[PDB]
$ cat data18.txt   # compact mmCIF, C-alpha atoms and all ligand atoms
# COMPACT_ATOMS: atom_id res chain seq x y z
CA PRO A 294 -13.76 60.96 85.65
CA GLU A 295 -17.21 61.49 87.16
CA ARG A 296 -17.02 57.86 88.31
CA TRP A 297 -13.57 58.34 89.81
CA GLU A 298 -14.63 61.36 91.83
CA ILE A 299 -17.62 59.40 93.15
CA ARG A 300 -15.20 56.55 93.98
CA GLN A 301 -12.85 58.89 95.86
CA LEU A 302 -15.86 60.37 97.69
CA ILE A 303 -17.04 56.91 98.77
CA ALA A 304 -13.49 55.89 99.68
CA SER A 305 -12.80 59.02 101.75
CA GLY A 306 -15.86 59.60 103.94
CA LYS B 672 44.85 51.46 125.34
CA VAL B 673 47.17 54.46 125.73
CA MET B 674 43.85 56.32 125.32
CA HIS B 675 42.97 55.08 128.83
CA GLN B 676 46.01 56.86 130.21
CA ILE B 677 45.38 59.74 127.81
CA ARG B 678 41.84 60.07 129.14
CA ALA B 679 43.19 59.89 132.67
CA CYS B 680 45.71 62.60 131.85
CA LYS B 681 42.91 64.71 130.35
CA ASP B 682 40.84 63.99 133.44
CA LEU B 683 43.70 65.01 135.72
CA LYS B 684 43.96 68.17 133.64
CA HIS B 685 40.27 68.78 134.23
CA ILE B 686 40.74 68.46 137.96
CA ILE B 687 43.97 70.37 138.29
CA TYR B 688 43.01 73.34 136.14
CA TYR B 689 40.00 73.95 138.41
CA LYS B 690 41.87 73.65 141.66
CA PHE B 691 44.88 75.63 140.44
CA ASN B 692 42.65 78.37 139.02
CA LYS B 693 40.04 79.18 141.67
CA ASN B 694 40.87 82.90 141.74
CA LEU B 695 42.80 82.89 138.45
CA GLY B 696 40.20 82.13 135.78
CA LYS B 697 41.60 80.80 132.51
CA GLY B 698 45.11 80.66 131.11
CA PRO B 699 48.40 78.81 130.87
CA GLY B 700 50.80 78.73 133.78
CA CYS B 701 49.73 75.59 135.59
CA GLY B 702 52.56 73.13 136.01
CA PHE B 703 51.59 70.68 138.75
CA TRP B 704 52.62 67.79 136.53
CA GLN B 705 52.88 65.08 139.19
CA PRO B 706 49.83 62.77 138.75
CA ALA B 707 49.87 62.78 134.94
CA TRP B 708 53.56 61.89 135.24
CA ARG B 709 52.50 59.03 137.51
CA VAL B 710 49.95 57.90 134.92
CA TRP B 711 52.55 57.75 132.17
CA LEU B 712 54.99 55.96 134.46
CA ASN B 713 52.31 53.38 135.21
CA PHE B 714 51.80 53.02 131.47
CA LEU B 715 55.53 52.37 131.11
CA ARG B 716 55.28 49.90 134.01
CA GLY B 717 52.72 48.06 131.96
CA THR B 718 54.48 48.11 128.61
CA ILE B 719 58.04 47.31 129.61
CA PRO B 720 57.39 43.53 129.19
CA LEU B 721 55.07 44.08 126.24
CA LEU B 722 57.82 45.91 124.38
CA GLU B 723 60.38 43.36 125.58
CA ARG B 724 58.41 40.54 123.94
CA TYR B 725 57.49 42.55 120.82
CA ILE B 726 60.98 43.86 120.13
CA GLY B 727 62.49 40.51 121.12
CA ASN B 728 60.40 38.87 118.41
CA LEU B 729 61.26 41.65 115.92
CA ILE B 730 65.00 41.60 116.61
CA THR B 731 65.09 37.81 116.43
CA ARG B 732 63.35 38.06 113.09
CA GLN B 733 66.06 40.49 112.03
CA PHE B 734 68.97 38.31 113.14
CA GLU B 735 67.74 34.74 113.52
CA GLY B 736 64.89 34.99 111.00
CA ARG B 737 61.35 33.74 110.64
CA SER B 738 60.57 30.32 112.09
CA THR C 3 44.88 23.79 87.61
CA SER C 4 46.91 26.05 89.89
CA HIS C 5 44.60 25.10 92.77
CA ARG C 6 44.74 21.48 93.89
CA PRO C 7 43.47 19.12 96.59
CA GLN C 8 45.71 17.70 99.29
CA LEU C 9 47.59 14.49 98.56
CA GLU C 10 49.47 14.14 101.85
CA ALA C 11 50.19 16.42 104.76
CA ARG C 12 53.26 18.49 105.48
CA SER C 13 55.01 15.99 107.72
CA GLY C 14 56.31 16.96 111.13
CA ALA C 15 59.65 15.39 110.21
CA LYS C 16 60.26 18.50 108.12
CA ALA C 17 59.48 20.66 111.16
CA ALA C 18 61.63 18.50 113.45
CA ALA C 19 64.60 18.84 111.10
CA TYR C 20 64.51 22.65 111.06
CA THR C 21 66.49 24.42 113.70
CA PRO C 22 64.24 26.69 115.79
CA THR C 23 64.35 30.45 116.07
CA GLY C 24 63.49 31.89 119.44
CA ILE C 25 60.27 33.80 118.88
CA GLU C 26 58.61 34.17 122.27
CA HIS C 27 54.95 33.99 121.29
CA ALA C 28 52.12 35.91 122.93
CA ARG C 29 50.46 32.72 124.18
CA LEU C 30 53.46 30.59 125.21
CA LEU C 31 54.03 33.10 128.00
CA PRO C 32 53.99 31.17 131.32
CA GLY C 33 50.44 30.72 132.55
CA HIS C 34 48.56 28.03 134.47
CA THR C 35 51.94 26.96 135.81
CA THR C 36 50.47 24.61 138.44
CA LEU C 37 49.28 21.11 137.61
CA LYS C 38 46.37 20.06 139.79
CA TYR C 39 46.45 16.52 141.15
CA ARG C 40 43.56 14.25 142.09
CA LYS C 41 42.98 12.57 145.48
CA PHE C 42 45.10 9.40 145.39
CA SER C 126 -27.25 27.73 118.30
CA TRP C 127 -25.13 30.48 116.76
CA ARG C 128 -22.60 28.12 115.15
CA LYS C 129 -25.01 25.88 113.20
CA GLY C 130 -24.96 28.04 110.06
CA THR C 131 -21.44 27.25 108.86
CA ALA C 132 -19.93 24.16 107.19
CA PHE C 133 -17.33 23.09 109.78
CA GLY C 134 -17.11 22.90 113.54
CA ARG C 135 -17.34 20.65 116.54
CA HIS C 136 -21.05 20.18 115.88
CA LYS C 137 -20.20 18.75 112.45
CA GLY C 155 9.26 12.63 118.41
CA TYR C 156 12.59 12.44 116.62
CA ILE C 157 13.95 11.41 113.22
CA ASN C 158 17.62 11.39 112.31
CA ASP C 159 17.47 13.58 109.18
CA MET C 160 18.16 17.20 110.07
CA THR C 161 16.69 18.82 106.95
CA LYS C 162 13.59 16.61 107.25
CA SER C 163 13.34 17.23 111.00
CA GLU C 164 10.56 18.93 112.93
CA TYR C 165 12.78 21.73 114.25
CA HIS C 166 14.11 22.64 110.81
CA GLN C 167 10.59 22.97 109.42
CA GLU C 168 9.65 25.10 112.45
CA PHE C 169 12.77 27.15 111.64
CA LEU C 170 11.94 27.66 107.97
CA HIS C 171 8.35 28.59 108.75
CA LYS C 172 9.74 31.04 111.30
CA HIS C 173 12.24 32.78 108.99
CA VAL C 174 10.87 33.08 105.44
CA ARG C 175 7.78 35.25 105.91
CA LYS D 164 35.05 -0.60 88.75
CA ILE D 165 34.32 2.98 89.80
CA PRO D 166 33.07 5.32 87.03
CA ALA D 167 35.38 8.02 85.79
CA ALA D 168 33.86 11.03 87.60
CA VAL D 169 31.92 13.16 85.13
CA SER D 170 29.78 15.95 86.61
CA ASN D 171 27.82 18.98 85.44
CA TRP D 172 28.98 21.87 87.59
CA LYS D 173 32.77 21.79 87.24
CA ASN D 174 34.60 20.67 84.12
CA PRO D 175 38.15 21.26 85.42
CA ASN D 176 40.24 20.34 82.36
CA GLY D 177 37.64 21.47 79.83
CA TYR D 178 36.90 17.99 78.50
CA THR D 179 33.90 17.49 76.31
CA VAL D 180 32.21 14.16 76.88
CA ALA D 181 29.34 12.04 75.60
CA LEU D 182 26.18 13.96 76.35
CA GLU D 183 24.47 11.30 78.47
CA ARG D 184 27.46 11.37 80.84
CA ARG D 185 26.67 14.93 81.89
CA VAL D 186 23.00 14.52 82.81
CA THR D 196 3.71 7.41 90.66
CA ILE D 197 0.70 9.00 92.39
CA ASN D 198 -1.52 8.46 95.36
CA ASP D 199 -5.17 7.78 94.59
CA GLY D 200 -6.31 10.93 96.40
CA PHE D 201 -6.29 13.26 93.40
CA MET D 202 -8.72 10.86 91.73
CA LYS D 203 -10.63 11.17 94.99
CA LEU D 204 -10.64 14.97 94.78
CA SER D 205 -11.31 15.82 91.14
CA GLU D 206 -14.07 13.24 90.63
CA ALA D 207 -15.79 14.49 93.79
CA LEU D 208 -15.41 18.07 92.62
CA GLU D 209 -16.95 17.11 89.29
CA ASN D 210 -19.74 15.45 91.26
CA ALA D 211 -20.30 18.62 93.27
CA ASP D 212 -20.19 20.69 90.10
CA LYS D 213 -22.89 18.47 88.63
CA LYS D 214 -25.00 18.97 91.76
CA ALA D 215 -24.45 22.71 91.46
CA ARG D 216 -25.54 22.67 87.83
CA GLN D 217 -28.50 20.51 88.80
CA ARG E 51 15.73 24.70 74.67
CA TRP E 52 17.74 22.10 76.57
CA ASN E 53 15.05 20.92 79.00
CA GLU E 54 12.27 20.93 76.39
CA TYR E 55 13.85 19.96 73.06
CA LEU E 56 17.51 18.97 73.31
CA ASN E 57 17.55 16.75 76.39
CA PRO E 58 17.53 13.19 74.99
CA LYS E 59 16.39 11.44 78.16
CA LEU E 60 12.76 12.53 77.85
CA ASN E 61 10.61 10.96 75.18
CA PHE E 62 9.39 12.63 71.99
CA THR E 63 7.98 9.51 70.35
CA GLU E 64 4.34 8.81 69.60
CA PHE E 65 2.18 7.69 72.50
CA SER E 66 0.55 4.31 72.94
CA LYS E 67 -3.16 3.73 73.47
CA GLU E 68 -2.36 3.25 77.17
CA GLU E 69 -0.64 6.63 77.39
CA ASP E 70 -3.48 8.49 75.64
CA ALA E 71 -6.11 6.78 77.80
CA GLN E 72 -4.17 7.63 80.95
CA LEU E 73 -3.41 11.19 79.85
CA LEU E 74 -7.13 11.85 79.38
CA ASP E 75 -7.64 10.44 82.88
CA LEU E 76 -4.87 12.71 84.18
CA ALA E 77 -6.25 15.78 82.42
CA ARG E 78 -9.52 15.03 84.15
CA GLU E 79 -7.67 14.29 87.40
CA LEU E 80 -5.02 17.05 87.30
CA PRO E 81 -6.92 19.58 85.15
CA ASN E 82 -4.45 22.25 84.08
CA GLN E 83 -1.27 20.95 85.64
CA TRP E 84 0.74 20.36 82.51
CA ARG E 85 4.16 20.43 84.13
CA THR E 86 2.80 17.91 86.66
CA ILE E 87 1.42 15.67 83.89
CA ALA E 88 4.80 16.16 82.20
CA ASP E 89 6.59 14.88 85.31
CA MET E 90 4.22 11.91 85.57
CA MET E 91 4.71 10.99 81.92
CA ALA E 92 8.44 11.91 81.96
CA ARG E 93 7.63 13.74 78.73
CA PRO E 94 7.80 17.34 77.49
CA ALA E 95 4.96 19.50 78.74
CA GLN E 96 4.14 21.28 75.48
CA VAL E 97 4.30 17.96 73.60
CA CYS E 98 1.72 16.51 76.01
CA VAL E 99 -0.40 19.66 75.56
CA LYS F 1007 -18.89 43.46 93.78
CA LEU F 1008 -17.13 40.13 94.28
CA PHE F 1009 -15.13 40.95 97.38
CA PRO F 1010 -17.15 41.98 100.44
CA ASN F 1011 -16.33 44.87 102.75
CA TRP F 1012 -14.42 42.82 105.33
CA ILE F 1013 -11.70 41.73 102.91
CA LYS F 1014 -8.70 44.08 103.18
CA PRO F 1015 -6.49 45.75 101.80
CA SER F 1016 -9.39 47.32 100.01
CA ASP F 1017 -8.88 50.30 97.74
CA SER F 1018 -10.77 52.66 100.06
CA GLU F 1019 -8.08 53.30 102.67
CA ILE F 1020 -4.40 53.26 103.53
CA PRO F 1021 -3.60 50.68 106.29
CA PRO F 1022 -3.41 53.36 109.04
CA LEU F 1023 -6.88 54.51 107.99
CA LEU F 1024 -7.84 50.84 108.11
CA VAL F 1025 -6.63 50.72 111.73
CA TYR F 1026 -8.53 53.91 112.53
CA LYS F 1027 -11.78 52.71 110.98
CA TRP F 1028 -11.34 49.38 112.77
CA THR F 1029 -10.96 51.11 116.15
CA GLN F 1030 -13.94 53.38 115.39
CA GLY F 1031 -16.10 50.40 114.44
CA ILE F 1032 -15.02 48.59 117.59
CA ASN F 1033 -16.20 51.63 119.54
CA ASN F 1034 -19.32 52.26 117.46
CA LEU F 1035 -21.06 48.99 118.27
CA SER F 1036 -24.29 49.25 120.24
CA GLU F 1037 -23.40 48.70 123.93
CA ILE F 1038 -19.96 47.20 123.33
CA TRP F 1039 -18.07 48.65 126.30
CA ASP F 1040 -20.93 47.99 128.73
CA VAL F 1041 -20.04 45.36 131.33
CA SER F 1042 -22.96 46.16 133.63
CA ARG F 1043 -25.00 43.08 132.75
CA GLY F 1044 -21.87 40.93 132.53
CA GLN F 1045 -21.08 40.91 128.81
CA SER F 1046 -17.73 39.99 127.27
CA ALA F 1047 -16.09 41.14 124.03
CA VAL F 1048 -13.34 39.08 122.40
CA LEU F 1049 -10.95 40.25 119.70
CA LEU F 1050 -8.99 37.53 117.91
CA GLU F 1051 -6.07 38.01 115.54
CA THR F 1052 -4.50 35.04 113.83
CA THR F 1053 -2.43 34.27 110.77
CA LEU F 1054 -4.07 32.18 108.12
CA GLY F 1055 -0.88 30.19 108.22
CA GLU F 1056 0.84 29.07 104.99
CA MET F 1057 -2.33 29.93 103.08
CA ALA F 1058 -0.45 30.47 99.83
CA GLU F 1059 1.53 27.24 100.27
CA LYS F 1060 -1.34 24.75 100.51
CA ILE F 1061 -3.75 25.70 97.73
CA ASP F 1062 -4.65 22.62 95.68
CA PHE F 1063 -5.07 23.35 91.99
CA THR F 1064 -8.00 20.98 91.44
CA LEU F 1065 -9.91 22.72 94.23
CA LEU F 1066 -8.56 26.07 93.02
CA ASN F 1067 -9.73 25.46 89.45
CA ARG F 1068 -13.20 24.47 90.61
CA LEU F 1069 -13.37 27.58 92.80
CA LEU F 1070 -12.16 29.88 90.03
CA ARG F 1071 -14.57 28.50 87.42
CA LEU F 1072 -17.36 29.88 89.62
CA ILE F 1073 -16.23 33.48 89.18
CA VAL F 1074 -14.42 33.85 85.84
CA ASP F 1075 -14.54 32.53 82.32
CA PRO F 1076 -12.96 29.05 82.45
CA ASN F 1077 -10.27 29.97 79.91
CA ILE F 1078 -8.91 32.46 82.47
CA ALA F 1079 -9.21 29.90 85.27
CA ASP F 1080 -7.35 27.29 83.21
CA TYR F 1081 -4.71 29.97 82.54
CA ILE F 1082 -4.38 30.75 86.25
CA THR F 1083 -4.12 27.14 87.40
CA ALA F 1084 -1.64 26.48 84.60
CA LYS F 1085 0.43 29.57 85.47
CA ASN F 1086 0.78 28.67 89.15
CA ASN F 1087 2.19 25.33 87.98
CA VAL F 1088 5.51 26.27 86.40
CA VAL F 1089 9.07 25.22 87.06
CA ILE F 1090 10.83 27.06 89.85
CA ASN F 1091 14.40 27.22 88.67
CA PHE F 1092 17.22 28.44 90.84
CA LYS F 1093 21.01 28.42 90.44
CA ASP F 1094 21.36 24.67 90.89
CA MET F 1095 17.99 23.13 91.58
CA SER F 1096 14.69 23.12 89.73
CA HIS F 1097 11.28 21.75 90.61
CA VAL F 1098 7.77 21.73 89.23
CA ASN F 1099 5.63 23.68 91.70
CA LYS F 1100 2.84 21.15 91.73
CA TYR F 1101 0.55 22.93 94.22
CA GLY F 1102 0.57 26.08 96.29
CA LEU F 1103 0.39 29.69 95.17
CA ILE F 1104 3.40 31.43 93.69
CA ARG F 1105 2.92 34.85 95.26
CA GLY F 1106 5.22 36.60 92.77
CA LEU F 1107 2.66 36.33 89.99
CA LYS F 1108 1.01 39.63 89.15
CA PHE F 1109 -2.52 38.27 89.61
CA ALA F 1110 -1.49 36.15 92.60
CA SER F 1111 -2.97 38.86 94.80
CA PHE F 1112 -6.44 38.03 93.46
CA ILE F 1113 -6.20 34.30 94.15
CA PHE F 1114 -4.71 35.06 97.57
CA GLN F 1115 -7.77 37.15 98.27
CA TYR F 1116 -10.31 34.89 96.59
CA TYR F 1117 -9.18 31.68 98.25
CA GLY F 1118 -8.98 33.78 101.41
CA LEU F 1119 -12.61 34.71 100.74
CA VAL F 1120 -13.48 31.01 101.07
CA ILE F 1121 -11.88 30.89 104.52
CA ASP F 1122 -14.00 33.87 105.59
CA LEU F 1123 -17.11 31.98 104.53
CA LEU F 1124 -15.83 29.01 106.48
CA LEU F 1125 -15.28 31.23 109.54
CA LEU F 1126 -18.22 33.62 109.45
CA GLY F 1127 -20.48 30.93 108.07
CA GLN F 1128 -23.18 31.75 105.59
CA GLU F 1129 -25.72 33.69 107.64
CA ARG F 1130 -23.45 36.17 109.41
CA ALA F 1131 -21.59 36.82 106.15
CA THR F 1132 -24.97 37.66 104.61
CA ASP F 1133 -25.38 39.98 107.58
CA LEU F 1134 -21.97 41.60 107.10
CA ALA F 1135 -21.81 42.31 103.37
CA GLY F 1136 -25.52 43.15 103.32
CA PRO F 1137 -27.78 42.50 100.35
CA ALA F 1138 -26.31 42.59 96.87
CA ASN F 1139 -28.53 45.42 95.59
CA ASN F 1140 -27.23 47.65 98.42
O1 LIG G 1201 37.62 73.74 125.06
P1 LIG G 1201 37.19 73.86 126.50
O2 LIG G 1201 35.96 73.02 126.72
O3 LIG G 1201 36.91 75.30 126.86
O4 LIG G 1201 38.37 73.34 127.45
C1 LIG G 1201 39.69 73.85 127.32
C2 LIG G 1201 40.58 72.75 126.77
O5 LIG G 1201 40.47 71.62 127.63
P2 LIG G 1201 39.90 70.25 127.01
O6 LIG G 1201 41.07 69.43 126.51
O7 LIG G 1201 39.16 69.51 128.09
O8 LIG G 1201 38.97 70.59 125.87
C3 LIG G 1201 42.04 73.17 126.69
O9 LIG G 1201 42.79 72.01 126.34
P3 LIG G 1201 43.47 71.96 124.89
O10 LIG G 1201 42.61 72.75 123.94
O11 LIG G 1201 44.84 72.55 125.00
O12 LIG G 1201 43.52 70.53 124.42
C4 LIG G 1201 42.59 73.76 127.99
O13 LIG G 1201 43.82 74.41 127.70
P4 LIG G 1201 45.26 73.80 128.08
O14 LIG G 1201 45.23 72.31 127.90
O15 LIG G 1201 46.29 74.42 127.18
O16 LIG G 1201 45.59 74.15 129.51
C5 LIG G 1201 41.64 74.79 128.61
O17 LIG G 1201 42.10 75.05 129.92
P5 LIG G 1201 42.60 76.53 130.30
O18 LIG G 1201 42.34 77.43 129.12
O19 LIG G 1201 41.84 76.99 131.51
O20 LIG G 1201 44.08 76.48 130.59
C6 LIG G 1201 40.20 74.31 128.68
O21 LIG G 1201 39.38 75.39 129.10
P6 LIG G 1201 38.46 75.24 130.40
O22 LIG G 1201 39.32 75.40 131.63
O23 LIG G 1201 37.39 76.30 130.36
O24 LIG G 1201 37.83 73.87 130.40
$ encode --input "data18.txt" --output "structure tokens"
Amino acid sequence: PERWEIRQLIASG
Amino acid sequence: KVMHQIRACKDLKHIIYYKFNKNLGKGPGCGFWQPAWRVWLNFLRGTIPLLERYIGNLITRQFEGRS
Amino acid sequence: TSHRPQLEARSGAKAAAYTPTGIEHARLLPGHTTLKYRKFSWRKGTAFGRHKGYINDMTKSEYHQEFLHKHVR
Amino acid sequence: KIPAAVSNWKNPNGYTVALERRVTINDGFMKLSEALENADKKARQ
Amino acid sequence: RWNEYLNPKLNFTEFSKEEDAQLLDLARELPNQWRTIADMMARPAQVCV
Amino acid sequence: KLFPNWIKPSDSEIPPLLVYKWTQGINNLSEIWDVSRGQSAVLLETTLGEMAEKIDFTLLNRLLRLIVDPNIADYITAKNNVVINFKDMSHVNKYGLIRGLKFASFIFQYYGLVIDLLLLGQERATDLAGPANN
């Protein structure tokens, strides 16, 4: 959940 | 293919109702039927021999029967 | 067994014995009524590089393999 | 003496029949796998 | 069930010394191709496994 | 971090965002559109043709034992060799990837990874993916 938000942040921009 | 002649009749309508009605506007009363009459006579000129062959085959199926 | 192969053909003797009915067909109308007559340094890091008809079978042909590689992607 | 035409796909008259009436390599794979084992040995060495 | 147990044309009997010593050479040659080894032996795949 | 950045479709973008990042990166190279000194830029697109139809399972097994536990790699090379039935015919698919497998994406990327290393070479691929720690 923390990891997934960091993954979406890296994936977005 | 009657639609061809039907379109032509409609097209003749669309000419004749705006040369018959320059100062008349809109309404029935137009009766210059000559070129649409010519169009349907030319249709009959085309489908005299068509109907001769079709009805000849039909009437010989009625009397003589199917080959 | 209501559907069967063909043993022999419907012979034209059976069509020559029948008397005709006159059904003027749409194609036997007179047309072509005249017979014509004749007269009488940057690439040295990799592992590969330049530094280092007809057959009769149709399924086995070249064109059919070109076809199937064209139309199955 | 032509055989009596038994096939798999269409049994037209519903006959049952005796069951048998219904129904090597290039060297190069030895060239590949051995060589791959050789390369694997070199990798492990 | 047909193509692996009830088809009589492929062999279920015990293998010779030749067939074991070539099936080890095939399982080194064709590593995890058991349908391919089955086609080469004309034998059931799970039986050869 | 098995797959490098250049392998796509990665999970970081939709394919239109892939196209947009690709155009941006084409623009954002240092002096790429300059033709004053007589440079030349070349963009090449080609199909790795029939890449899933000519994978050899001996080679594929030895490639996959490098990355996974060999029980999984034996499973994968034994799963890509099954019978292809159809209505009438049937054949043992002796080599070549069956794309309809669920994990056949991974092999189609991983074998494709090998082709990238055969195209980029070693050194430039080390330049593209960067170091492993970053
Ligand atoms: O619906 P409109 O676009 O306004 O056209 C109509 C329509 O002509 P169209 O057949 O081209 O549509 C009428 O034809 P029908 O509805 O009867 O089929 C026709 O009336 P008549 O055929 O009875 O003469 C009438 O012409 P008008 O009302 O002037 O007599 C004419 O209107 P427009 O002259 O404005 O085109």
$ residues_around --input "data18.txt" --residues "residue 738 (chain B)" --least-positions-apart "6" --cutoff "12 Å" --atoms "all atoms listed in the file" --output "number ranges by chain"
B: 728-729, 731-732; C: 17-18, 20-27
$ closest_residue --input "data18.txt" --among "B:701, B:722, B:679, B:674" --to "ligand LIG 1201 (chain G)" --atoms "all atoms listed in the file"
B:701
$ atom_distance --input "data18.txt" --atom1 "CA of residue 1121 (chain F)" --atom2 "CA of residue 1028 (chain F)"
20.3 Å
$ closest_residue --input "data18.txt" --among "E:97, E:71, E:87, E:80" --to "chain D" --atoms "all atoms listed in the file"
E:80
$ atom_distance --input "data18.txt" --atom1 "CA of residue 1012 (chain F)" --atom2 "CA of residue 1120 (chain F)"
12.6 Å
$ residues_around --input "data18.txt" --residues "residue 1074 (chain F)" --least-positions-apart "5" --cutoff "12 Å" --atoms "only C-alpha atoms" --output "VMD selection string"
chain F and resid 1008 1067 to 1069 1079 to 1082 1112 to 1113 1116
$ residues_around --input "data18.txt" --residues "residue 81 (chain E)" --least-positions-apart "5" --cutoff "9 Å" --atoms "all atoms listed in the file" --output "PyMOL selection string"
(chain D and resi 205) or (chain E and resi 76) or (chain F and resi 1063-1064+1067+1080+1083-1084)
$ write_last_selection --input "data18.txt" --atoms "C-alpha atoms" --output "CSV table (one decimal), in the coordinates of the input"
chain,number,residue,atom,x,y,z
D,205,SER,CA,-11.3,15.8,91.1
E,76,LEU,CA,-4.9,12.7,84.2
F,1063,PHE,CA,-5.1,23.4,92.0
F,1064,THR,CA,-8.0,21.0,91.4
F,1067,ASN,CA,-9.7,25.5,89.4
F,1080,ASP,CA,-7.4,27.3,83.2
F,1083,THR,CA,-4.1,27.1,87.4
F,1084,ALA,CA,-1.6,26.5,84.6
$ atom_distance --input "data18.txt" --atom1 "CA of residue 1129 (chain F)" --atom2 "CA of residue 130 (chain C)"
6.2 Å
